[PDB]
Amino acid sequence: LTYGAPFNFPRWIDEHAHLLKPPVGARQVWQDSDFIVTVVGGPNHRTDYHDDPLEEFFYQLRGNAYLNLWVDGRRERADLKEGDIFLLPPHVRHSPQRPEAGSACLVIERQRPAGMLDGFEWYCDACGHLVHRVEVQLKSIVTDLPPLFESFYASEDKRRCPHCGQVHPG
């Protein structure tokens, strides 16, 4: 059993509560597995939209959250109330918002094969145009992703909408 024996999930989440809040916010359950199994806590709000080339499964175990989406060219919202499950199709742009402390969401993804890239995008609050997109071969979320977000927040040029000129807040 490469990934160990079964174990009690609510107790695991309790024992990792200190990591399910800022600044960490999430915790992957097993390492080096094909299924990426993560528990995401809160609070955490964010402005980036994720373009995942594969599906994402959600089961909101504790508390409530919601996903800001782009669907059919329009901004939409999918609520993840406590007890909700949800399967997100590939490439649907989503921005998870997790307002509640003590919340916990099971999120399951697949490891991306080489050449299958993730995208992270920001959109203009004023005119809705795409402001900035980075594509990334996502291997370790811990090292591959934070610098991406920091480099966007640090640069007015990256944050500048090419259509209406308004600078994204970061």
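Throughout, we count residues from 1 along the sequence that is shown.
- Averaged over Cα atoms, the B-factor as recorded in the entry is higher for 73 to 81 than for the other of 91 to 99 and 73 to 81.
- Looking at 133 to 141 and 49 to 57 together, the entry lists the larger mean B-factor for 133 to 141, computed on C-alpha atoms.
- Split the chain's modelled residues into thirds by C-alpha temperature factor. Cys127 is in the highest one.
- Placement of the Cα temperature factor of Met116 within the chain: middle third of the modelled residues, per the deposited record.
- The entry lists a Cα temperature factor for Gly170 that places it in the highest third of the chain's modelled residues.
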